[PDB]
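Encoded as C-alpha cells, the following chain is the form deposited in one PDB entry, with no partner shown.
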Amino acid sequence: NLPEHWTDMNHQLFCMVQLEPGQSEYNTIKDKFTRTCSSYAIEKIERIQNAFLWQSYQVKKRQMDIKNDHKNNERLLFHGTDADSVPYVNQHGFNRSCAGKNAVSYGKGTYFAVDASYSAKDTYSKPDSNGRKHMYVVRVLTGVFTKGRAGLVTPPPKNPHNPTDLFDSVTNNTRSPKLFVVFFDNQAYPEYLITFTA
C-alpha cells in the first residue's frame, strides 16, 4: 500500500531520500521549521521510507478514523532527539520505554511539539560531536485528547465508570496545545529527518 510518490526501493523495506531545495516537499518542511527556528540553518531534509512502520501506522489511522468518525485524527508535529537514537527511530519508530522524563510531565510517553522551537532546545535535539542537531517531522494520531497528568502510563478514560474507553492522546492545554503525548506503538510515523546547525 506504499505511497506512489516514494522512490522505488527494489523489494527493500527501508530508505532515506535526500530532498532538493526548491521542490514544494522541501520548502513546506523548511517553512514549517523556520516559522519558529529562524536563527538555525538546515543542512538537509531526508524523507523516511519505512514500509513496515508505514503499514502499522496506516492500520492504526484507519481504526481511529472508524472509531472517532469525521475527526481530523492526524497532526504533523516535531520531535528533537540525540544522534545515538536516530538509527533506532528510522528503523523502529518512537518507543515510550526509551523516553526521558519531560521537564513538565503530562504522562510517561513519547512527546511531540507543535513548534519546532521547542524541539530545537539542546535538551531534546542534543548537538552531536560535529555540532549537528536532529529533529523529526512526525505524523501523529492525536485523535481526541485531554489535559495529561504526570502519573499516566496510558491516556485516561473519557468516563470514570468505563475505564477501558480511552482518549487517544494527552496535551499540556486543550485550548492552546503546544505538546502531545502518545502511549502506544505505531501511533506516530517519522516522515522527515531535519539535520540543522547554529
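One-based numbering along the sequence shown. What we label the rigid core is the largest C-alpha set whose atoms superpose within 1.5 Å from one form to the other.
S.K.: Taking only the other compared entries that model residues on either side of residue 99, decide whether it is unmodelled in at least a third of them.
M.R.: In at least a third of the comparable entries (those modelling both sides of it), residue 99 has no coordinates.
S.K.: If you average the CA temperature factors as listed in the entry, which stretch comes out higher, 70 to 78 or 112 to 120?
M.R.: Higher mean C-alpha B-factor: 70 to 78.
S.K.: So, looking at the entry's B-factor column for Cα atoms, which has the higher mean, 6 to 14 or 172 to 180?
M.R.: Per the PDB record, 6 to 14.
S.K.: Which of these has the highest Cα B-factor in the record: 167, 57, 136, 40?
M.R.: Out of 167, 57, 136, 40, the record gives the largest C-alpha B-factor to 40.
S.K.: Compare the CA B factors listed in the entry for 50, 142, 154, 63 and report the winner.
M.R.: Of the options given, 154 has the highest CA B-factor in the PDB entry.
S.K.: For residue 83, does the deposited CA B-factor place it in the lowest, middle or highest third of the chain?
M.R.: Highest third.
S.K.: Based on the deposited C-alpha B factors for this chain, I'd like to know if residue 44 is in the lowest, middle or highest third.
M.R.: For residue 44, the deposited C-alpha B-factor lands in the lowest third.
S.K.: Would the CA B-factor of residue 103 place it in the lowest, middle or highest third of its chain?
M.R.: Answer is middle: the recorded C-alpha B-factor places it there.
Quick note: we don't show the form solved in complex with a small molecule, though the next part is all about it.
S.K.: Find out whether any non-hydrogen atom of residue 179 is located within 4.5 angstroms of the small molecule in the deposited bound form, and reply yes or no.
M.R.: Within the cut-off, so yes.
S.K.: Core-aligned, between the shown form and the other one, one residue among 81, 102, 90, 73 moves its CA by 2 Å or more. Tell me which.
M.R.: If I go through the list carefully, the shifting residue is 102.
S.K.: Are residue 101 and residue 164 closer or farther apart at the Cα level in the deposited bound form than shown, by 3 Å or more?
M.R.: Relative to the shown form, the pair is farther apart.
S.K.: Thinking of the 3 angstroms or more shift, are the C-alphas of residue 101 and residue 75 brought closer or pushed farther apart in the deposited bound form than in this view?
M.R.: Distance between the C-alphas of residue 101 and residue 75: longer in the deposited bound form, by 3 Å or more.
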